[PDB]
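Here is what each chain is made of, one letter per residue.
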Amino acid sequence: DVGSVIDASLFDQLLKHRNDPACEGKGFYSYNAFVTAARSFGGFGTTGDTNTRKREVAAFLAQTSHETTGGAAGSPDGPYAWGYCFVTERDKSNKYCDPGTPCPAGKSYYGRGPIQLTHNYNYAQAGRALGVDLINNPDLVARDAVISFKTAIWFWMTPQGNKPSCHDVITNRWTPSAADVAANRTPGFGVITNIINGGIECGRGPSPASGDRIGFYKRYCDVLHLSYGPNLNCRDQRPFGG
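As stated in the entry header, the method of structure determination is X-ray crystallography and the reported resolution is 1.8 Å.

J.: An account of the state of the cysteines is requested, with residue identities and associated values reported.
T.: Tallied over the full model, the rule gives three disulfides. Here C23 pairs with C85 through a disulfide, and the sulfurs are 2.0 Å apart. Between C23 and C85, the S-S dihedral sits near -100°, and the bridge is therefore left-handed. Highlighted residues: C23 in the loop between α1 (8-14) and α2 (31-38) and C85 in the loop between α3 (50-67) and α4 (120-130), separated in sequence by 62 residues. Looking at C23, the relative accessible area reads 3%, which means it is buried.

J.: Any chance you could break down the layout of surface pockets for me, citing the residues and the numbers?
T.: Taken as a whole, the largest pocket encloses approximately 560 Å³ of empty space. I115, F155, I195, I196 and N197 are the residues nearest the centre of the largest pocket, which is lined by 24 residues in total. Counting residues per element, the lining of the largest pocket draws most heavily on helix α9 (residues 189-201), at seven residues. For the lining of the largest pocket, a count of residues per class yields nine nonpolar, 11 polar and four charged. Of the residues that make up the lining of the largest pocket, three or more belong to each of domain 1 (1-87 + 144-241) and domain 2 (88-143). In this structure, the second largest pocket encloses a volume near 220 Å³. Lining the second largest pocket we find 15 residues, and of these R55, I170, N172, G188 and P230 sit closest to its centre. Counting residues per element, the ones that place at least two in the lining of the second largest pocket are α3 and α7 (166-170). In terms of residue count, the dominant contributor to the lining of the second largest pocket is α3 (three residues). When grouped by side-chain class, the residues that make up the lining of the second largest pocket number eight nonpolar, five polar and two charged.

J.: Please give an account of the UniProt feature "domain: Glycoside hydrolase family 19 catalytic" (unreviewed entry) in the protein that cites residues and values.
T.: UniProt's feature table lists "domain: Glycoside hydrolase family 19 catalytic" (unreviewed entry) at residues 23-45 and 147-157, given in the numbering used throughout. Note that residues 23-45 is 35% helix and 0% strand, and that its end C-alpha atoms are spaced 27 Å apart. Taken end to end, residues 147-157 is 100% helix and 0% strand, and its two terminal C-alpha atoms sit 15 Å from one another.

J.: Break down α3 for me, with residues and values.
T.: Look at α3: 26 Å from first C-alpha to last across 18 residues, which is about the 26 Å you get at 1.5 Å a residue. Counted residue by residue, α3 has 14 buried out of 18 residues, so it is predominantly covered.

J.: Could you give an account of the UniProt feature "active site" (unreviewed entry) in the protein, with specific residues and numbers?
T.: This chain's UniProt record puts "active site" (unreviewed entry) on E67. Within the secondary structure, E67 is located in helix α3. Look at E67 and you get partly exposed, because its relative accessible area is 23%. Not counting residues up to four positions away in its chain, the partners in contact with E67 are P114, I115, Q116, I196 and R213.

About the thresholds
- Residues numbered from 1 in each chain as written, not as in the entry; some residues may be left out.
- Heavy atoms only, no water.
- Disulfide = S-S within 2.5 Å.
- Helix = DSSP H or I, 4+ residues; strand = E, 2+ residues; numbered from the N terminus.
- Buried < 20%, exposed > 50% of the residue type's maximum accessible area, 1.4 Å probe, protein only.
- 1 Å grid on protein atoms, 1.4 Å probe; cavity = no way out; pocket = protein on both sides within 12 Å on 5 of 7 lines; lining within 4 Å.
- Points joined across faces, edges and corners; volume = space filled by probe spheres on them.
- Nonpolar A, V, L, I, M, F, W, Y, C, P; charged D, E, K, R; others polar.
- Domains from an automatic or database assignment.
- UniProt positions renumbered as here; feature names shortened; annotations may be inferred.
- Expected span 1.5 Å × (residues − 1).
- Contact = heavy atoms within 4.5 Å.

Below, the structure is given as structure tokens:
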């Protein structure tokens, strides 16, 4: 059980401003919803020694905190105490319907949830894996908290083509290929950022978005009493297309 790694108090300590009236959630991102969703995925937060399990939870929460951050320089308790502030993308004018997948009348596929799931084809994939109709009910990702967390954890646990799962990277189960070694994709937090949004954030030098993900990771590691580990950035990694 992932609940043995992170209890309700730690969860609240890490995500201390999620329920702020200045945040969108207003009680959406609950600990109960998190642990309920986590139980659906064997291996999540229960793989390896205790520190690896804690590290998986810290890395997952760091990446997702960045995707939903309401933090800034000067925010109370700093920028890294404002994860999980938002549920939906601010701009809701873009439907994000790609031509090959259905796009039902009156449905939009803008970012929703911890991993800010976007595009009709991604909703279709997540939907099929979770056994829920997300193409016709994309709003569930912003209304059903258990499904919301499930979409994020599903993404975290899922390998795709040349990309390993974030889960395998953080638990040292991923063995980079010669192509990865050549692209400087060394196992660590940076590779996870690369899997999530490397096309924009990696291989072009410093990225403030990448720096925000790292800031959350460091704070979470400090609270969970974990050392940071190597390869936190991806400044020199070629985005997944190696």
